[PDB]
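Here the structure is laid out as structure tokens; the discussion comes afterwards.
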Amino acid sequence: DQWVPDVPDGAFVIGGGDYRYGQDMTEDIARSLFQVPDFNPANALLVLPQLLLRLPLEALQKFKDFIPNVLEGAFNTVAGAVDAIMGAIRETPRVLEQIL
Amino acid sequence: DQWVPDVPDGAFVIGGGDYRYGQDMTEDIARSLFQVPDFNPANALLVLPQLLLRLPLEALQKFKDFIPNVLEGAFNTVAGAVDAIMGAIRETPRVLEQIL
Amino acid sequence: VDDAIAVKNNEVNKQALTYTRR
Amino acid sequence: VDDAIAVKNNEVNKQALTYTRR
Amino acid sequence: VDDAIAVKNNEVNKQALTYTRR
Amino acid sequence: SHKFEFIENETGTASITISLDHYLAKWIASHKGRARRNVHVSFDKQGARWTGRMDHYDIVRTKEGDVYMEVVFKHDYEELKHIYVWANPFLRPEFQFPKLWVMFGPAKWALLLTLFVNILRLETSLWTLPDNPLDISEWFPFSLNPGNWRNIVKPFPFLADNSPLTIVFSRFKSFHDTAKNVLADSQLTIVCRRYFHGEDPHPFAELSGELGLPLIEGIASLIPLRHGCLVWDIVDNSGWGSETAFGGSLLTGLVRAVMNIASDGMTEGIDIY
Amino acid sequence: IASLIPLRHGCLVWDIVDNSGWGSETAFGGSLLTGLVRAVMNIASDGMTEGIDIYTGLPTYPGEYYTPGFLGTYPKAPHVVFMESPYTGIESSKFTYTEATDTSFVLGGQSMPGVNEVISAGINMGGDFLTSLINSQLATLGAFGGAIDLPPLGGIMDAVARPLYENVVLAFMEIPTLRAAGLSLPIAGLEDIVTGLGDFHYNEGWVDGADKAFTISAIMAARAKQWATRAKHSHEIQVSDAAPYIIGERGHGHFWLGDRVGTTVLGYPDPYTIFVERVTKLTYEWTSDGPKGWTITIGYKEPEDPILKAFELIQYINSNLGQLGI
Amino acid sequence: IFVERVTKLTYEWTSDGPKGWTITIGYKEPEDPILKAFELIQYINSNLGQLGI
Amino acid sequence: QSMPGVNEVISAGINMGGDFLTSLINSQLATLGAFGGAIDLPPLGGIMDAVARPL
């Protein structure tokens, strides 16, 4: 019949999804979703966009009025917003720029 | 008789209060209470005191020991505390003060 | 005897509707 | 018969004070 | 008689097990 | 046989036992025969009227050979158990601010307005609220347009409401659950009467004056109500806060008294007249 | 099969069976004069209204209904009628009709998943990026010892704001229904016509939320409350076994638990009408005097003993009370 | 004289004529303990509905 | 419900991660390069903890 419930986010469907009806879920994979990565000064700017990709789009859209030369419609999706934010990063700390 | 309960905060009373028994309430008005305002470099020091006015006195009184030339009893109310905190603002960033 | 218990059961069922909605 | 049901009811109303309070 | 109320009580006790457990 | 029960601030019930060869028992059984499927009763005696809606019916054949129908009805009070007091009646379910419905006022006004705003919601009304929405002078001409409504509140003048000052609050409670404690602590009765055309007077008619003229002329034309409209009211049948009696004697009569809540809110003084 | 999939003596084998062909082909009613009316149900695009479509073709039968020694019901073709016409064999019966109550369902209490989070994130981002913007370009606080950076504000704003926005947005739903105006209903005689409750009806009923079902699907939670509040009939009958009908499993009896069976009601205004519903309960009793026969409940019926209706409400409470503890 | 409010009225009629009125004066608990149980179950269901919110 | 302290230890570690990461980046590695001047990356701990909480 014409009415069917909407599939909930992450619900198991025939074939088991990614984690095979949950049998392939582990504590390591689960902790990787909510924990901040192990980071150090060699990794930090690769770690930053992995945090920004967690964020809802209406949080990231507070940066739209600050970034110069944003690409047309980039803030319409989260991956486009994070690409716009990383496009604005300059590789020297704010204090050195202001001394210079 | 001599006992009457205290009128609760925001309760409707005869005449309907500000929002006319809640009929004049809208999502735009209600969101203006909990959303942070839309801000940009031209508005930010006008936006800041609107955030400070949300705060309880227990939060704002932790600035009292730092601000010079405070008026007598100014931190006894929220509007008086925000007026004292905005009196402590200087129109240049902390790094430029420290370089000079 | 059983019919008297049955009559009282029917009256209680009619009075339970004060306290319930199905 | 209905008298015996009335007596049984009064005994249960009393025992229900173990399990209830206002 | 007390026995007729006791018999029906015993039946309700066996049907209440549909709805409760230890 | 028939039986009917009235309860203060609770759902009474009623029942009729009838022969299956009665033409009205045939009308109750034939749900094909009713386009508008619900069945209502009224019992009228000495100016009192029990009205209610059928919950179910049984057709019973006993072992001994007796065949009969039992019809069971719930009193019109049951409407209040199927009406919910939303946090804001004037907004969609998708957005509910402020998070609590809260009202302070005389108890009769505070309960009846909390009902009236949910009746406005249920009747899909777009009416702008006056400063006092229960003042009858605001309801006409061509203002409230109540002519099609199933339920309405009896309006009254605010300056005459002596019922004790109180707080009514809900976040999606039923109206019964909302009013339960307020009615009990204020000692108030809610009452409902269905308006029947051609036998009742108009529900809002009153003759106040020196000459006893109608207070609003043409009130049936100005405030039309459909046949069967359920008019809600609250009545002060315990004068505990003004003048009444709690006891007395057959020899010397009842002792007149007043109760007042002292400033701790818990203790009540009794003053004898 | 027995060597490849060994199963021990006593193994409890679980299955789910479709004894109500409601979404494919079945019957909800008919007449002793002209037969049962074959029909189908479909849920229309709102999730709440069910359409009934009536088959105009001549009835067909499942292939088992030709086989030697078979007895039993398939929901495509129910056959059993308990007649309460003259020469009935039923000892006693109660037939009950309950009207539909509620006409719109209200759900909720908590905002949908992520709604509170998205707001709180915006307040964290706004307060922490504002004093970052101010400290970086615009201003500083002149304290007794020199300049001071204004603190990050996002945590304290989020704190003071939480009581004002938590469970405000997408926290409730109202789902409407065609009950007042008109529907076709799976009751004998209501399948082809349109009837509504009338202008006077009960307005709202609350969908219970203790397991949070509305956050998975609000329509499905209201489907369950619609079902609990439906117009329904039930018929409880006391009858001796194996004439006319054998009671036993499919292949051995004419019907079993869950099967669609018909019956007629003695004093009903249209004496040939067959009400059809599913067998929900069977009870058998034997004494030192022989059998008492079967108690059959056709359709869904509340416990007749009101104490068992008290136990049924208490079972639902202890289940909801358990999830509120989680 | 004890004065209190009429909290319940009930009228019953039969093929034998009227049985008259049951009047409850003041707030009395239900006489049948099963109805006392259904009253406490109504109270719990009202509370469970607010704990879910 | 988790044993007491378990939810708090996780929340504390997420509050430390975003706040110390952006402190490290603003101290030594980068700036956000806005239309005027330069901008510090805002403290991220509170917003991480908020969006992580239901998980």
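Where a number appears in this text, it was derived from the coordinates with a stated rule and is not lab data. When we count neighbours, we look across all protein chains shown, and the Cβ atoms used for this are built from the backbone with ideal geometry, even at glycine.
Quick look at the numbers
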{"quantity": "Whichever residue in the stretch G:140-170 is in contact with a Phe, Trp or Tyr (Cβ under 6 Å, 6 or more places away or on another chain) and buried (at least 21 other Cβ atoms within 10 Å of the Cβ) and, among such residues, is farthest from I:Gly45 (Cα to Cα)", "calculated": "G:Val168"}
{"quantity": "So G:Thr195, is it within 13 Å of chain F (Cβ to nearest Cβ), in contact with an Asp or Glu (Cβ under 8 Å, 6 or more places away or on another chain), polar (S, T, N, Q) and crowded, with 19+ Cβ neighbours inside 10 Å", "calculated": "no"}
{"quantity": "Members of chain E found to be loosely packed, with under 10 Cβ neighbours inside 10 Å and under 11 Å from C:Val1 (Cα atoms), listed by number", "calculated": "E:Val1, E:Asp2, E:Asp3"}
{"quantity": "Residue check, A:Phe12 more than 7 Å from chain I (Cβ to nearest Cβ), in contact (Cβ under 8 Å) with a residue 12 or more places away in the chain and of a type in the set (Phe, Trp, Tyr)", "calculated": "no"}
{"quantity": "The stretch I:4-33 residues that are among the charged types (D, E, K, R), paired with ones that are not in a helix (DSSP H, G or I) (beta carbon under 6 Å, 6 or more apart)", "calculated": "I:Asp19/I:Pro43"}
{"quantity": "The stretch G:23-71, subset surrounded by 13 or more Cβ atoms within 10 Å (Cβ to Cβ) and among the polar types (S, T, N, Q), residue nearest to G:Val81 (Cα to Cα)", "calculated": "G:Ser31"}
{"quantity": "Search result, residues across the stretch F:206-230 that are under 18 Å from the mean Cα position of the chain (by Cα) and surrounded by 13 or more Cβ atoms within 10 Å (Cβ to Cβ)", "calculated": "F:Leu225, F:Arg226, F:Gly228, F:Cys229, F:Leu230"}
{"quantity": "Extreme residue, nearest to F:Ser42 (Cα to Cα), among residues of the stretch F:157-199 that are assigned to a helix (DSSP H, G or I) and of a type in the set (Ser, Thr, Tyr)", "calculated": "F:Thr178"}
{"quantity": "Members of the stretch G:267-285 that are touching a residue at least 12 places away in the same chain (Cβ under 8 Å), assigned to a loop (DSSP other than H, G, I, E, B) and not hydroxyl-bearing (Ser, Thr, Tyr)", "calculated": "G:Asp270, G:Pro271"}
{"quantity": "Answer residue from the stretch G:198-210, given it is of a type in the set (A, V, I, L, M, F, W, C) and within 10 Å of chain F (Cβ to nearest Cβ) and is farthest from G:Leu32 (Cα to Cα) among those", "calculated": "G:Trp206"}
{"quantity": "Criterion (among the acidic types (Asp, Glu), within 19 Å of H:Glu4 (Cβ to Cβ) and without any contact (Cβ under 8 Å) to a residue 24 or more places away in the chain) met by exactly one of F:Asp200, F:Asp264, F:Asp185", "calculated": "F:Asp185"}
{"quantity": "The stretch G:171-186, subset facing chain F (nearest Cβ under 7 Å) and crowded, with 20+ Cβ neighbours inside 10 Å, residue farthest from B:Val36 (Cα to Cα)", "calculated": "G:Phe172"}
{"quantity": "Whichever residue in the stretch G:104-139 is closer than 25 Å to G:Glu204 by Cα and either in contact with a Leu (Cβ under 7 Å, 6 or more places away or on another chain) or within 14 Å of chain B (Cβ to nearest Cβ) (or both) and, among such residues, is surrounded by the fewest Cβ atoms within 10 Å (Cβ to Cβ)", "calculated": "G:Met112"}
{"quantity": "Whichever residue in the stretch F:86-106 is over 14 Å from B:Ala30 (Cα atoms) and within 10 Å of chain G (Cβ to nearest Cβ) and, among such residues, is surrounded by the fewest Cβ atoms within 10 Å (Cβ to Cβ)", "calculated": "F:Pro93"}
{"quantity": "Subset of the stretch B:45-100 [within 20 Å of G:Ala159 (Cα to Cα) and within 9 Å of another protein chain (Cβ to nearest Cβ)]", "calculated": "B:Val47, B:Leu48, B:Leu51, B:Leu52, B:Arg54, B:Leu55, B:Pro56, B:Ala59, B:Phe63"}
{"quantity": "Test: residue in the stretch G:147-164 that is at the interface with chain B (Cβ under 8 Å from one of its Cβ atoms), in a strand (DSSP E or B), of a type outside the set (S, T, N, Q) and farther than 30 Å from G:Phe200 by Cα", "calculated": "yes"}
{"quantity": "Any hit, the stretch G:88-103, residues being among the β-branched types (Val, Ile, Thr) and either over 26 Å from the mean Cα position of the chain (by Cα) or within 8 Å of chain B (Cβ to nearest Cβ) (or both)", "calculated": "yes"}
{"quantity": "Residue in the stretch B:33-42 that is assigned to a helix (DSSP H, G or I), more than 7 Å from chain G (Cβ to nearest Cβ) and farther than 16 Å from G:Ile123 by Cα present", "calculated": "no"}
{"quantity": "Condition check for G:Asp289: away from every other protein chain (no Cβ under 14 Å) and free of Cβ contacts under 8 Å to residues at least 40 places away in the same chain", "calculated": "yes"}
{"quantity": "Subset tally (residues that are over 20 Å from the mean Cα position of the chain (by Cα) and not in a loop (DSSP other than H, G, I, E, B)) for the stretch G:165-199", "calculated": "5"}
{"quantity": "Residue match in the stretch I:33-49 (condition: in contact with a strand residue (DSSP E or B) (Cβ under 8 Å, 6 or more places away or on another chain), within 8 Å of another protein chain (Cβ to nearest Cβ) and of a type in the set (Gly, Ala, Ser))", "calculated": "yes"}
{"quantity": "Which numbered condition G:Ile326 misses (of (1) in contact with a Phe, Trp or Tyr (Cβ under 6 Å, 6 or more places away or on another chain); (2) in a loop (DSSP other than H, G, I, E, B); (3) within 30 Å of G:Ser111 (Cβ to Cβ); (4) aliphatic (A, V, I, L, M))", "calculated": "(1)"}
{"quantity": "Answer from G:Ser111, G:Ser93, G:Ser132, G:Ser85 - the residue that is in contact with a strand residue (DSSP E or B) (Cβ under 7 Å, 6 or more places away or on another chain), of a type in the set (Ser, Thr, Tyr) and either farther than 30 Å from I:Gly46 by Cβ or free of Cβ contacts under 8 Å to residues at least 40 places away in the same chain (or both)", "calculated": "G:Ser93"}
{"quantity": "The stretch G:217-243: number of residues that are touching a residue at least 60 places away in the same chain (Cβ under 8 Å) and among the small types (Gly, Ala, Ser)", "calculated": "7"}
{"quantity": "Those residues of the stretch F:112-139 which are surrounded by 18 or more Cβ atoms within 10 Å (Cβ to Cβ) and of a type in the set (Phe, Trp, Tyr), in sequence order", "calculated": "F:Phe116, F:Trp139"}
{"quantity": "Options A:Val13, A:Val4, A:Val47: the member that is of a type in the set (A, V, I, L, M, F, W, C) and either under 30 Å from B:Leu100 (Cα atoms) or part of a helix (DSSP H, G or I) (or both)", "calculated": "A:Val47"}
{"quantity": "Residue list for chain C, filter: of a type in the set (A, V, I, L, M, F, W, C) and part of a helix (DSSP H, G or I)", "calculated": "C:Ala4, C:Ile5, C:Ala6, C:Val7, C:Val12, C:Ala16"}
